[PDB]
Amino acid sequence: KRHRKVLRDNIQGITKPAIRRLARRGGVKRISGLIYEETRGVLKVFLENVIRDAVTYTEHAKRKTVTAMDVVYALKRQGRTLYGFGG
């Protein structure tokens, strides 16, 4: 019965309209065609780094579940402190 499907190419779920919206909030008026792939590259590194520390904290606690606190601690230790999710 066990499901488990293969996860791949999910970085392309970060659509061109979604990157355009973030650029707008950041005040950008005009966007070159190469931005979208550059941004996905940049997001992946960001995510890799936080998830890595986040998951390191999880493992230390001997848990299989990644808590909002693991993220918040992980974000904090990279000087990207977040308010709104506890602790």
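We number the residues from 1 along the sequence you see. Heads up, when I say rigid core I mean the largest set of C-alphas that superpose within 1.5 Å between the two forms.
Chemist: Fitting on the rigid core only, I'd like to know which of the two stretches, 21-29 or 72-80, ends up farther away in Cα terms in 4 other deposited structures of this protein.
Modeler: Comparing 21-29 with 72-80, the larger C-alpha deviation in 4 other deposited structures of this protein belongs to 72-80.
Chemist: Sorting by Cα B-factor within the chain, modelled residues only, which third would residue 76 end up in: lowest, middle or highest?
Modeler: For residue 76, whose C-alpha B-factor we compare with every modelled residue in the chain, the answer is the middle third.
Chemist: By its CA B factor, does residue 84 count among the lowest, middle or highest third of the modelled residues in the chain?
Modeler: It falls in the bottom third of the chain.
Chemist: Lowest, middle or highest third: where is residue 31 by Cα B-factor in its chain?
Modeler: Highest third of the chain for residue 31's C-alpha B-factor.
Chemist: Among all modelled residues of this chain, ranked by Cα B factor, put residue 37 in the bottom, middle or top third, i.e. lowest, middle or highest.
Modeler: It falls in the middle third of the chain.
Chemist: Report the third (lowest, middle or highest) to which the CA temperature factor of residue 21 belongs, ranking only the modelled residues of the same chain.
Modeler: According to the entry, residue 21 has a C-alpha B-factor in the chain's middle third.
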